[PDB]
Structures are given as structure tokens and as C-alpha cells.
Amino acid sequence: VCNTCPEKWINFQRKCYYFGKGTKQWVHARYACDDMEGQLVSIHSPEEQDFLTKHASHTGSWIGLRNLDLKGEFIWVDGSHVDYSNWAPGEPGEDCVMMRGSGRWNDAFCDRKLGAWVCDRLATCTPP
């Protein structure tokens, strides 16, 4: 049972999620998550995506995905690779990834300031 989250974070499966507000460019959102002991959200299943679409800002959010090599090798901030994807039609507009209100993903310029950003961290577990 991995379901304990810090105050203000929401649990989904074995992860904790923070739905941040305030205008930030991608790297600023990256540090906002880091300084809260989390990281910009990494998405690995349709169930996780569905949960995020339900809770995320209608005006768009930064997520933890980037074209790290600038040639299409999209990597999550925690170093994990893209298995599950939720790209909008014609995606992958530049090097950082944002999630629209629909939950669908699109490339964006890293220096664009978005009003929303999502953090995740692992839920802590109650010992059996």
C-alpha cells in the first residue's frame, strides 16, 4: 500500500501529484518542482493520463518531457523514455512539452510562460 502524500499533493496509484499555478517558463517550472522535492510530471500509462486530464488546468500545463538531443529523442526529467504517448495531431512548437486542457501533448518554446505546471513524486508506503 503506497498511498501517503505530503499536504497539498493528490495521490494516484503509487505517485503523488502537485497541480501548480503561477506563470513560469519550462525550466522555472522544473525548479519549482525540484524545490518541493518532486519533479515535473512523467506520464507512463493511459490511466495516469486520464487522472491528469481530470485534475489539470484547462489553460495548459508544463510536463516533464523535452526533446533532449534536439533531434526527436524525447526524454522525461527523471531520465525515463517515452513508452506511453498522448501527442496531439501533427505532434511532435519547439523543445519543451506542454499538456493542453484536453490532456493531449504538444511541443512548445521552452521560454513561453504557462499559467500551470504539474509535479510528481513517489507516494510513501505504510509498512505491512
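All residue numbers refer to positions in the sequence shown, first residue = 1. Superpose the two forms; the largest set of C-alphas matching within 1.5 Å is the rigid core.
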Checklist entry - Quick one: with the core lined up, is it 78-86 or 62-70 that wanders further in 4 other deposited structures of this protein, going by C-alpha RMS? => result 62-70
Checklist entry - In the deposited sequence, how many residues between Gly103 and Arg104 have no modelled coordinates (none, 1 to 3, 4 to 9, 10 or more)? => result none
Item to check | Residue range whose averaged C-alpha B-factor is higher in the record, 23-31 or 95-103 | outcome: 95-103
Checklist entry - Of the two stretches 80-88 and 37-45, which shows the higher Cα B-factor on average in the entry? => result 80-88
Checklist entry - Thinking about Cα B factors across the chain, which third does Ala56 belong to? => result highest
